[PDB]
Each structure stands twice: as structure tokens, then as C-alpha cells.
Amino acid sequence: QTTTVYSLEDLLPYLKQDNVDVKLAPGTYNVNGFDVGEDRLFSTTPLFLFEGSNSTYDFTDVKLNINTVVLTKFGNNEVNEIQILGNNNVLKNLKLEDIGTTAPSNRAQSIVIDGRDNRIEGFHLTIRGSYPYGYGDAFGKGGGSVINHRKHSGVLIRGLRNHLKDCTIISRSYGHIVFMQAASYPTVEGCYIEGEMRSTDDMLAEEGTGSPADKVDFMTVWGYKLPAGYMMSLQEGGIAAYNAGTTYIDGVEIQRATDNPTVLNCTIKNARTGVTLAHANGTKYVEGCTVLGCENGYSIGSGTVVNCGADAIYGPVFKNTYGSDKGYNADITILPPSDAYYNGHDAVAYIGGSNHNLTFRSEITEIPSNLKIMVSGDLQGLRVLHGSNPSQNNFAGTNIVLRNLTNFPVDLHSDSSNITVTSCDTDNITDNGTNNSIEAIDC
């Protein structure tokens, strides 16, 4: 029943059909600029548009090389390499690599998952080609940028009950690695997700070169000159959910927030955030995850983070996003450093909002003097200085259980109230709050 094809040309008609079982034969397939045009292999974008439903596509031992010049061959329009519009499809085992670093004319996504009940499993994706590449989001990630951007993100999960499973996603592009827009019940499971980092000090060393950042005197979109002493991802979110998107399911165009996301047994390295789901609605659940060398570890707003780890070399392992955060329950291990420390945020965690139950565990004995668990206060976060992003900083925390099974110090700010703290040591706890309880635990 499986049909095997031996070229991209013979693959494309099956994408339009329902209930097919198709295999693209092992080999290397190249997509170049000359493959785009009216009489060419790819006359439209998305390049591979999966419109059928109830189909299975096997890409075992397939290497698909897409030249990044293709991101410029469709005018000033978004280019998606793969988009799934149908339902109940399974795509497996493709190795997809962007060749070169040519930026999109507008913007690009490697994979977009619409429809419902689709699964992409076992893919190996390498994302390349974006502008500007080397500043993270310092000079703009949305409208009103200081340096105008041509972003290129990895996997965009939308639709309903769509599933990214056992994939490796490597990004060397300015964009999210895995993100969700208008996705209901998305699941990310068993994935390895990886960006790369650059220090703000290395960016500031562009002074006098005539670089794009040098020409704006390093004035960030946050309203201040780029501060020294931070490590930034060149990517955006590793696994990030946003509240405003459009998706299509069964011909219906839907504009909604992401809801009910689940993230299981993923490892996320060198992204702006490990897992951020604060903007998603419904039930948020994160379990078994490992976050290494990200600017922020876990920020889900409300829900459960359990049996998860993060190191603190570049930023806090935990952050409450807003003072509106309620019901965030977490059990997070602060992992040994994956690399040298370079944490300009002066915090291992920033806690606020209300009715949280937070446990931190760690075997670390070598504690950098600037790292502390903060409950309320003025976070020295890269994007929240000098009143920038004001709702994400300087807010109160009330009625929170904090179980500090670590050697990290704790600072309870004046805006903290009714914090129930238990800690291995109470001598390194500063309490300036109201009606807080501090009790010692024996290891």
C-alpha cells in the first residue's frame, strides 16, 4: 500500500490527496533558486503544502537541502518550506537543512502546522537565513524596530491537537525555534532544540565599525543603550506560546490565543527562553524538561512545571511573567552550569503574583555572589531595566509557598507578603516583606 517516489517532482501531487501512504526514497534532494518559477518545480509558496488528510509520509534517510535564496524568490511575501493544512497526517524522519544564510525578502518559517491531529516526528531541522543575525531582539522583534528585520523561525505549531515528537531543531537564524500561535492542545514531546549565544559585550565591541548597531549608537528597542554584561541568544523562544495568531482548520479561519499546551521531555539549549507559555490559556503542563544556557528557564504563568531542570549561567531558571500570575506550581532543579557563568540578571529566580507553590532543588555548592532567589523587587533583567516592559518587573508577591532546597540566598522584597519559606539555611535570607514566615529545613 505504500507508494515510493524517487523525485520531488513525483512527490508533489500526493500532497493534494487524502488517505495516501507515500515514501520518498533515501537520497539527497536539492532545492535551488532555479527550481522556483511558473514552469519550475515550485511555482508557489509554501513549497510543500500538505492539503490532504489521513496521509502518512516517510522521509527516512532523505536529506532535503533548501538553498536560502529560495526565501527571496516569491516577492515581498512570507515563505514557508512546509505547511500542513489537512488533518490526521503523519510526517516522519526528514532531515531538512537550509543552505547558506540568505535572508528572506519578508520573513520565513520552516514548518507551519495547521489543521488538526497532525504529527511530525523524527525530523532533523537546521534553520538558516535571517536579518539582522547577531543581535537577538535588541533592535526589534515586532513593529517599530530600531533595525528592521527579516525573521526566519523554525516550527510554528497552530491548529488543534498538533504534535511535534522526537525532533531535533537546530537554529542559526533570528526567529523562534519552536513556537505556538492559535494552537489548541499542542504537544511538544522529546525534542532537542538548540540555538547559539553572543554576549552584549561582543556586540558593544562593534563601536566604530559602522555596523547596523553602531549606526544607532546601540540604542535598543527597550529604550536604553545596550547594557554590557549579558549573554543573549541569537534566536527567540525555544518553546514559546503567543496569545495572538490565526489558524485554519477544515476551512475555518480562526483567530485565537494558544490554549492547553503540553511540553514533555524536551531539552532546550541557548535560546531566549526555554519554555514560556504565560500567554497561553487553559491548562499548561511541562514535565521532564532540561533547559541549558537560556536567558530564561521556565515562565508558564500558571499551571505545572514538574521534574524539570535548568542551569543559571545566563539568566534565571524561573520567572513569574506578571503580577497577575496565579497558581504557578513548580518543582525545578537548578542544574550544574553547562558552561561558564555570564548572568547579568543578578537572579536565579524572580517570583511574584499570588498563590504559587514553588520548590527549587540543587546540589550546587559554588554560588556566584550575584545570584539569588528574588520574591518581588527590581529585577536587573536585560529587557526590564529603566521601566522597560513595566508589567514584567517590580510587582508584588502574595500567598506563595517557597521551598528552597538549595544553597541559593533568598531576598524577600518589601512588596512581598505572606510568603511561606522553608530553606536549607535561613542565615542567607533577607526579609523586608510583610508577614512572611522563614523556617529552616535540615538538608
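The first residue of the sequence shown is number 1, and the count goes up from there.
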Look up the CA B-factors in the entry and say which stretch, 420 to 428 or 6 to 14, has the higher mean.
420 to 428
Pick between 213 to 221 and 192 to 200: the one whose mean CA B-factor in the entry is higher.
213 to 221
Could you tell me which one of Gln255, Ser153, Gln83, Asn89 shows the highest CA temperature factor in the PDB record?
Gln255
For the listed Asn399, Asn393, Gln380, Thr406, which has the peak Cα B-factor recorded in the PDB entry?
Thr406
Once the chain's modelled residues are ordered by C-alpha B factor and cut into thirds, is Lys319 in the lowest, middle or highest one?
lowest
Taking the values exactly as deposited, rank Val178 by C-alpha B-factor within its chain and report the matching third: lowest, middle or highest.
lowest
Assigned third (lowest, middle, highest) for the C-alpha B factor of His279
highest
Should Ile147 be placed in the lowest, middle or highest third of its chain by the C-alpha B factor in the entry?
middle
Lowest, middle or highest third: where is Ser43 by Cα B-factor in its chain?
highest
